[PDB]
file coords25.txt (compact mmCIF, C-alpha atoms)
# COMPACT_ATOMS: atom_id res chain seq x y z
CA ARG A 107 -188.37 -49.20 6.22
CA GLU A 108 -191.53 -48.10 8.17
CA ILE A 109 -189.66 -45.53 10.39
CA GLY A 110 -187.53 -44.62 7.31
CA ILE A 111 -190.60 -43.28 5.39
CA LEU A 112 -190.71 -40.36 7.87
CA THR A 113 -186.92 -39.77 8.04
CA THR A 114 -184.69 -37.08 6.52
CA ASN A 115 -180.96 -36.46 6.39
CA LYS A 116 -179.12 -34.15 8.79
CA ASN A 117 -177.07 -31.21 7.48
CA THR A 118 -174.34 -31.72 10.08
CA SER A 119 -170.63 -31.42 9.32
CA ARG A 120 -167.35 -30.99 11.20
CA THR A 121 -164.82 -28.19 10.77
CA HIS A 122 -161.76 -27.23 12.77
CA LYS A 123 -161.98 -24.55 15.44
CA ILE A 124 -159.58 -22.28 13.53
CA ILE A 125 -158.71 -22.44 9.82
CA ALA A 126 -155.84 -20.48 8.28
CA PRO A 127 -155.09 -19.61 4.64
CA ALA A 128 -152.43 -21.40 2.63
CA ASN A 129 -150.55 -18.11 2.20
CA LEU A 130 -150.40 -15.55 5.01
CA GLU A 131 -150.31 -11.75 4.72
CA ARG A 132 -146.65 -10.75 4.70
CA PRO A 133 -145.78 -7.18 5.75
CA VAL A 134 -145.03 -4.63 3.03
CA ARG A 135 -142.08 -2.27 3.42
CA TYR A 136 -142.74 1.47 3.36
CA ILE A 137 -141.32 3.64 0.56
CA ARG A 138 -141.43 7.43 0.75
CA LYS A 139 -142.88 9.10 -2.34
CA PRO A 140 -143.88 12.69 -3.15
CA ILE A 141 -147.40 13.90 -3.83
CA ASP A 142 -148.43 13.26 -7.44
CA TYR A 143 -151.41 14.99 -9.07
CA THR A 144 -151.23 12.96 -12.31
CA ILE A 145 -152.72 9.68 -11.06
CA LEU A 146 -156.46 10.36 -11.53
CA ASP A 147 -156.14 11.50 -15.16
CA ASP A 148 -156.54 8.01 -16.65
CA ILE A 149 -160.02 7.60 -15.08
CA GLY A 150 -162.89 9.70 -16.37
CA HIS A 151 -162.63 12.79 -18.55
CA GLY A 152 -159.37 13.98 -17.04
CA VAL A 153 -157.12 16.86 -18.05
CA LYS A 154 -153.40 16.55 -18.80
CA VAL A 155 -151.18 19.51 -17.89
CA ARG B 863 -191.83 -33.33 32.83
CA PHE B 864 -195.57 -33.81 32.34
CA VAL B 865 -197.97 -33.42 35.27
CA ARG B 866 -201.72 -33.81 35.55
CA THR B 867 -204.00 -30.80 35.16
CA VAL B 868 -206.98 -29.62 37.24
CA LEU B 869 -210.68 -29.60 36.41
CA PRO B 870 -210.57 -32.40 33.81
CA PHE B 871 -212.59 -31.86 30.64
CA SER B 872 -212.95 -35.57 29.80
CA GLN B 873 -213.83 -38.64 31.86
CA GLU B 874 -214.75 -41.20 29.18
CA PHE B 875 -211.70 -43.49 29.33
CA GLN B 876 -213.62 -46.38 30.97
CA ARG B 877 -210.60 -48.66 31.19
CA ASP B 878 -210.82 -52.45 31.41
CA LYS B 879 -211.13 -54.24 34.73
CA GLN B 880 -207.88 -55.16 36.45
CA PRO B 881 -206.90 -58.85 36.34
CA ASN B 882 -206.63 -60.58 39.72
CA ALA B 883 -204.77 -63.82 40.41
CA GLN B 884 -202.56 -65.49 43.00
CA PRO B 885 -199.62 -63.45 44.35
CA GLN B 886 -197.10 -65.80 42.62
CA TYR B 887 -198.14 -64.69 39.06
CA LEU B 888 -197.32 -61.00 39.94
CA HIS B 889 -193.93 -60.19 41.70
CA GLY B 890 -193.76 -63.47 43.75
CA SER B 891 -194.92 -63.31 47.42
CA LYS B 892 -197.38 -60.75 48.91
CA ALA B 893 -194.61 -59.00 50.94
CA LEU B 894 -192.56 -58.49 47.72
CA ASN B 895 -195.70 -57.10 45.91
CA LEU B 896 -196.07 -54.17 48.44
CA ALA B 897 -192.40 -53.21 48.18
CA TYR B 898 -192.45 -53.01 44.38
CA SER B 899 -195.71 -51.05 44.35
CA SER B 900 -194.25 -48.50 46.77
CA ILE B 901 -191.04 -48.28 44.72
CA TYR B 902 -192.93 -47.56 41.49
CA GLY B 903 -195.43 -45.21 43.13
CA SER B 904 -193.08 -42.26 42.61
CA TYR B 905 -193.51 -42.48 38.81
CA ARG B 906 -197.31 -42.19 38.93
CA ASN B 907 -197.53 -38.42 39.45
CA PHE B 908 -195.45 -37.46 36.40
CA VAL B 909 -194.31 -38.56 32.95
CA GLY B 910 -190.74 -37.92 31.86
CA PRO B 911 -187.63 -39.28 30.15
CA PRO B 912 -187.75 -42.61 32.03
CA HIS B 913 -191.19 -43.35 30.59
CA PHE B 914 -190.15 -42.37 27.06
CA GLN B 915 -187.03 -44.56 27.00
CA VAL B 916 -188.97 -47.60 28.23
CA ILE B 917 -191.57 -46.97 25.52
CA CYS B 918 -188.82 -46.84 22.89
CA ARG B 919 -187.32 -50.11 24.11
CA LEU B 920 -190.68 -51.91 24.18
CA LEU B 921 -192.13 -50.48 20.96
CA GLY B 922 -188.97 -50.83 18.88
CA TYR B 923 -189.44 -49.08 15.54
CA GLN B 924 -192.82 -50.32 14.28
CA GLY B 925 -194.55 -48.94 17.36
CA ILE B 926 -192.93 -45.53 16.93
CA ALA B 927 -193.87 -45.25 13.26
CA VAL B 928 -197.50 -46.27 13.77
CA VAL B 929 -197.83 -43.96 16.77
CA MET B 930 -196.36 -41.05 14.80
CA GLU B 931 -198.69 -41.65 11.85
CA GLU B 932 -201.75 -41.90 14.10
CA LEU B 933 -200.78 -38.69 15.91
CA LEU B 934 -200.45 -36.95 12.54
CA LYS B 935 -203.96 -38.12 11.62
CA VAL B 936 -205.26 -36.85 14.97
CA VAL B 937 -203.66 -33.45 14.35
CA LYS B 938 -205.15 -33.41 10.85
CA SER B 939 -208.65 -34.05 12.20
CA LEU B 940 -208.36 -31.38 14.90
call {"tool": "encode", "arguments": {"input": "coords25.txt", "output": "structure tokens"}}
result
Amino acid sequence: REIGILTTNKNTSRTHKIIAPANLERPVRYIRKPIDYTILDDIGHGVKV
Amino acid sequence: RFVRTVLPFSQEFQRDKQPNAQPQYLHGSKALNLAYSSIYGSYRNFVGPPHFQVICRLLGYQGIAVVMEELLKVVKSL
């Protein structure tokens, strides 16, 4: 009890060397599409033509 | 490791007189007394981990706590 008056807990914890997510990042297939100029109209004061 | 300094600034320890008795009371025979003194003479010129661990074993926990509190009071005064 006497040494305990001057004692505090330690913020020590254990974690694995490497931790991975539950779901990995799967690759996404590439699809060719043409240039579209009507994608920024819905944001801001756009103009529809 | 701790080693002694030079040009001491304090000489007021005035320790108590050493007790003297028959050789038997201290390390058995006279021949044994010289060997042990020589063996332990290497620890006189420094203070290190071996001294600290022996202090911990002898003082237990009450000695550590009281020493720590007194040192805190000394720091407060200084």
call {"tool": "atom_distance", "arguments": {"input": "coords25.txt", "atom1": "atom CA of residue A:146", "atom2": "atom CA of residue A:133"}}
result
26.8 Å
call {"tool": "closest_atom_pairs", "arguments": {"input": "coords25.txt", "of": "chain B", "to": "chain A", "cutoff": "7 Å", "atoms": "all atoms listed in the file", "output": "CSV"}}
result
residue,atom,partner,partner_atom,distance
B:923,CA,A:109,CA,6.3
B:924,CA,A:108,CA,6.6
B:927,CA,A:109,CA,5.1
call {"tool": "atom_distance", "arguments": {"input": "coords25.txt", "atom1": "atom CA of residue B:896", "atom2": "atom CA of residue B:908"}}
result
20.6 Å
call {"tool": "atom_distance", "arguments": {"input": "coords25.txt", "atom1": "atom CA of residue B:921", "atom2": "atom CA of residue B:883"}}
result
26.8 Å
call {"tool": "closest_residue", "arguments": {"input": "coords25.txt", "among": "B:917, B:888, B:909, B:894", "to": "residue B:866", "atoms": "all atoms listed in the file"}}
result
B:909
call {"tool": "axis_aligned_box", "arguments": {"input": "coords25.txt", "around": "stretch 135-149 of chain A", "padding_each_side": "6 Å", "output": "lines of an AutoDock Vina configuration file"}}
result
center_x = -150.7
center_y = 6.4
center_z = -6.6
size_x = 30.7
size_y = 29.3
size_z = 32.1
